[PDB]
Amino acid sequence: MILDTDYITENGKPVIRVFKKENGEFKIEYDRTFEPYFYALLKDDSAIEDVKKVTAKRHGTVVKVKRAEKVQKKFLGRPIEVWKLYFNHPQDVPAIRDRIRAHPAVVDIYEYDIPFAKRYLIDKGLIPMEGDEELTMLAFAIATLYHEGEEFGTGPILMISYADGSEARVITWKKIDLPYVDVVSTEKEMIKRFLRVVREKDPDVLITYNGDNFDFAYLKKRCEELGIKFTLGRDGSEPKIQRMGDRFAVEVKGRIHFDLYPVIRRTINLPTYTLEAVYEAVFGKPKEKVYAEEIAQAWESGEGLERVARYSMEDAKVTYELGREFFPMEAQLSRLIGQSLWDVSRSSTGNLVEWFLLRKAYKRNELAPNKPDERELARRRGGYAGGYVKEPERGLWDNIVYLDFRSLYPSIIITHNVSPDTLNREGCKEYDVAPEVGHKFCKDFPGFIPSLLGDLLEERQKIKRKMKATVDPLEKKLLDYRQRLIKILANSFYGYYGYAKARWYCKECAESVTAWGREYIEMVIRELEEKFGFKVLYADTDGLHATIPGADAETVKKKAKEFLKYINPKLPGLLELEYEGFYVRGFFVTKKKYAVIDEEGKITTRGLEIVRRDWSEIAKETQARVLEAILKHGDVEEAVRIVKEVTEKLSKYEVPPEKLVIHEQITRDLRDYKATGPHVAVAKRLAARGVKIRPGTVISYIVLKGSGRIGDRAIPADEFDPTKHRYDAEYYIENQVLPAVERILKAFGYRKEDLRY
């Protein structure tokens, strides 16, 4: 099982290190033979002698082309001849590449920004996280004395919690008498004690919650101020910080630093992402929250020190529990993309697709397009036409069928062979032509992406067969992750085609997919309404809600399945329409906003305030209780009694403040905001007080009684106090509750004023 790769320099020459776990033991394999390289397209081959003589400087050392061999490759289908240029050190490439491109004889250069360690994984054909190797994991958390205003690192680390399968303990330097607490001389020895526990436990995986930004940064600054060599690595190295956009990332050599925060942020949609919120969402069990202001007063007084210690251990225990939960699916993602778990767990879809495609490109001798420069990036600014959204037939309807396509965009990319290397190919025998955009795609030979997509559909069939024919419940779950992750990778290719920063960016490809999508959904709707007996109530990109008005449940279902048996044969390749479910009643409010109830009484909510975090619980809860009244029962009169009851409760200040919190994200650097609404106003006040507001930060706030701009009375939910502050009853009635319930009751001819009081 390969964990990761990296390189070191021995007498100015690079040596690859492969970190693996074989037969229960950890091993480092060294490779001295691998050479860095990039490609150069020349005007004529005679010029190679001039290009070989091109030089540069790196740390006051003369850098030259080590040697050059002429190679035959494919570039977007067509065969191309380029010169592979080898160099002594990977650092030679960034030093010299600009000058080799500048040279008049050189048309272009390619594959010059591929990190050396990852180049090795791809070219040697190595896949990390192969086999079934039982990896040992240690979770850890820290507790700190904070004070409002101080620089990050001033406050000493009070406690270091850690957890595995066997135990969950706390290291501290205060007199706290508990079984799991370990008291020691000073902060210095506490940190040294933790370093000894990891040396003695020798974990393959370190698990933190937001350790990329908080935990490891704090330990680096405290180790500097105390003069400790923080050697957590298996080669004896210290943890290395790395930049990754708006955020940083901590690497620990030989171990896998598994930070759950980026994982959770990409995997679960929650109103907030506190360790307490994520625990409740994943496992269902509650978790107590001890604040810094409470924690500090408990450290100085020493009265509440025992309570803070329980919080410290619970963070470690829960973090390990979450670690164990997410690691296996992430280790499958590592296998599928063919990069380290460390990289894959911190990567967005763009980089995952790009890494997958780079690997496949090497296998198929495909030269990789360059990442766009500032000027090319500017040319990709323009958008293109998307999905078709039918204006719904608003109101309450009975006996509804939901019909949708299966993997519509992947179906299209495969069926119509949509690829940059098939776009406007010269002298193709056969073509598929995009309906409105009018792009010709060659059918003579399979396209790169289409072919990979074919591979993934068949690979998924194989996995689904293996799952039925396997007794072991563990291997069943592992194969279930693999096929679920394949399905996601497949549904990512459309978006990547339209992603300006993509190497294999193709607007014409993206445009053609959406255009075909619109042709098919609109054709299905037209057929369903003209030929068959159906009224199409609503239709989004790849799915429609239909009924036959003068008909009953058994009829609507029978006629629907008949329509599938009709249409599917008429749809080309793997374009299939499917019966997804029947609904007794459906309530269509606007585009993207509706609710349906099935035969079993389960209500499915789409797009309404109920699902959105930037609405208060009181509004969402009240909208849900008004939907239930109308969808499940028949009583519009019951809904009117609920809205009137909630408005009365708000007026008498009886609704608890937990139900008034509004959650809005900060999406950019605070300076980049042109408009300044409540969450931004609240965020700027926290920033002025010296709180770290990164993009991704969720602002939780409450509106206090007063007039004028909402932002002026917006306060962090944390700092609300019933004794001093009074929440804005009129705001929560007129701006939160009544608007949410009026979406629904608007259709039944209720005025907003009539629902009040």
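Sequential numbering from 1, following the sequence displayed.
Colleague: If you average the Cα B factors in the entry, which is higher, 441 to 449 or 464 to 472?
Modeller: Mean B over CA atoms: larger for 464 to 472.
Colleague: For the C-alpha atoms alone, is the average B factor greater in 620 to 628 or in 635 to 643, going by the entry?
Modeller: Here the higher of the two C-alpha B-factor means belongs to 635 to 643.
Colleague: Among the candidates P410, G607, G125, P286, give the one with the maximum CA B-factor reported in the record.
Modeller: That would be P286, according to the entry.
Colleague: Could you say which of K175, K118, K501, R484 has its CA atom at the highest B factor, as listed in the PDB entry?
Modeller: The record points to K175.
Colleague: Lowest, middle or highest third of the chain for the C-alpha temperature factor of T555?
Modeller: It belongs to the highest third of the chain when residues are ordered by C-alpha B-factor.
Colleague: Based on the deposited C-alpha B factors for this chain, I'd like to know if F720 is in the lowest, middle or highest third.
Modeller: Within its chain, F720 is a highest-third residue by C-alpha B-factor, going by the deposited values.
Colleague: Ranked by Cα temperature factor within the chain, is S340 in the lowest third, the middle third or the highest third?
Modeller: As the PDB entry reports it, the C-alpha B-factor of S340 lands in the lowest third of its chain.
Colleague: If you rank every modelled residue in this chain by C-alpha B factor, which third holds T667: lowest, middle or highest?
Modeller: It belongs to the middle third of the chain when residues are ordered by C-alpha B-factor.
Colleague: Tell me, lowest, middle or highest third: where does the Cα B factor of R425 rank within its chain?
Modeller: It falls in the top third of the chain.
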